[PDB]
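**Student:** part one of the complex, left exactly where it sits:
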Amino acid sequence: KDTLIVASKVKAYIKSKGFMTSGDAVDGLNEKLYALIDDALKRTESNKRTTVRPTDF
Amino acid sequence: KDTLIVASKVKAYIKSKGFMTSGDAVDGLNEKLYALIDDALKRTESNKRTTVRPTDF
Amino acid sequence: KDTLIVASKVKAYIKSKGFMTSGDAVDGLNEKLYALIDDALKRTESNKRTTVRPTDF
């Protein structure tokens, strides 16, 4: 499964909050991103829609 | 706040699951991504750590 | 805000997974329950509905 996140920007934002990022952290976030998207598609379908809206996530 | 998402890849993945993406869907996903990261940093800090782990998300 | 969770059953389930429950853990879970419900009501409303469905959470 392809990375859906911009690693550099995630690391830069986390650094901005005063934290380092583990070697495998971004991979972990990517996995949570996929689950959010999959949950959203179940909500889209439940509302008899073909188009994912911000409200579905 | 910068986009943390690869828009093209998210739209392509959603399309692969048989769905269209609204004009404002990606912005909505971005907002949820930020909340997940902010939740994670509270977890990192609660564990007296300076480094975000995949388990924190 | 009232407790929406059955504390005894939460502690018993967590114990069944081989874990103890902190003095303030249940309060923390209650807070996450409220956020889930509030997110769901935003989804219900976005779908022009008056009735919360399982799919909204």
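**Tutor:** Ah, there it is. Numbering: from 1, shown residues only, chains lettered A, B, ... in the order given.

**Student:** residue A:39 and chain C, how far apart?
**Tutor:** Distance, residue A:39 to chain C, using C-beta to the nearest C-beta, to the nearest Å: 10 Å. Where you see a C-beta, it was placed from the backbone N, CA and C, and this is true even at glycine.

**Student:** longest helix of chain A?
**Tutor:** helix A:25-46 (DSSP state H).

**Student:** just the angle for that helix relative to helix C:25-46, thanks.
**Tutor:** 50 degrees (axes from the mean of the first three to the mean of the last three C-alpha atoms, to 10 degrees).

**Student:** helix A:25-46 vs chain B: in contact?
**Tutor:** Yes: using C-beta under 8 Å from any C-beta of the partner chain, helix A:25-46 reaches chain B at A:25, A:27-29, A:31-34, A:36-38, A:40-41, A:44.

**Student:** the residue nearest to residue A:7 when sequence neighbours are not counted: what's it in contact with?
**Tutor:** Excluding the flanking residues, the one nearest residue A:7 by C-beta to C-beta, 6 or more residues apart in numbering or on different chains is residue A:26, at 4.8 Å. For residue A:26, the contacting residues are A:3, A:5, A:7, A:10, A:11, by C-beta atoms under 8 Å, 6 or more residues apart in numbering or on different chains.

**Student:** here is chain D, add it in:
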Amino acid sequence: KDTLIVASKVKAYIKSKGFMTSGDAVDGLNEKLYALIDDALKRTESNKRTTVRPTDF
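**Tutor:** With chain D added, the chains above now look like this:
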């Protein structure tokens, strides 16, 4: 799996926000509650701890 939710209080809270509750809504919320708890126990374990904290959820 036992209900972890106080149904009456959830229905009353949702009603307070101006919404009805579907016949199967509470069951749906229960399922999300279990996933939150299971996520938390993975976080507890990742922190080499035996006791679930509010921060783990």
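
**Student:** CA atoms only for the longest helix of chain A - export them in CSV, please.
**Tutor:** This file holds the C-alpha atoms of helix A:25-46, laid out as CSV (Å, rounded to 0.1, in the frame of the first residue of the first chain):
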residue,chain,number,x,y,z
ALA,A,25,6.2,6.4,13.1
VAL,A,26,5.2,7.7,9.6
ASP,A,27,4.4,4.1,8.5
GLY,A,28,2.1,3.8,11.6
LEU,A,29,0.3,7.1,10.7
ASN,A,30,-0.1,5.9,7.1
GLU,A,31,-2.0,2.8,8.5
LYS,A,32,-4.3,5.0,10.6
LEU,A,33,-4.9,7.2,7.5
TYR,A,34,-6.1,4.1,5.5
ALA,A,35,-8.5,3.1,8.3
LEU,A,36,-10.0,6.6,8.4
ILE,A,37,-10.5,6.5,4.6
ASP,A,38,-12.0,3.0,4.8
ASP,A,39,-14.4,4.0,7.6
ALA,A,40,-15.4,7.1,5.5
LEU,A,41,-16.2,4.9,2.4
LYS,A,42,-18.5,2.8,4.6
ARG,A,43,-20.3,6.1,5.7
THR,A,44,-20.5,7.4,2.1
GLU,A,45,-22.1,4.0,1.0
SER,A,46,-24.5,4.0,4.0
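
**Student:** throw DNA strand E on there as well:
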DNA sequence: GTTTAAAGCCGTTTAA
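**Tutor:** Now DNA strand E, sitting on the chains shown earlier:
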């Protein structure tokens, strides 16, 4: 001094 792991730089190449 050692180990472990994370940051920071630099240059090149797709990818977005």
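
**Student:** about what we covered before: so how far is the longest helix of chain A from its chain's centroid?
**Tutor:** Relative to the centre of its chain, helix A:25-46 is centred 6 Å away, using C-alpha atoms, centre = their mean, to the nearest Å.

**Student:** now do stretch A:11-29
**Tutor:** For stretch A:11-29, the distance to the chain centre is 14 Å (C-alpha atoms, centre = their mean).

**Student:** buried residues in that stretch?
**Tutor:** Using 16 or more other C-beta atoms under 10 Å in any protein chain shown as the test for burial, stretch A:11-29 gives A:11, A:13, A:14, A:19, A:21, A:22, A:25, A:26, A:28, A:29.

**Student:** what about residue A:6, neighbour count?
**Tutor:** Neighbour count of residue A:6, defined by other C-beta atoms under 10 Å in any protein chain shown: 16.

**Student:** contacts only, for it.
**Tutor:** Counting by C-beta under 8 Å, 6+ apart, the residues that residue A:6 touches are B:2, B:3, B:4, B:5, B:6.
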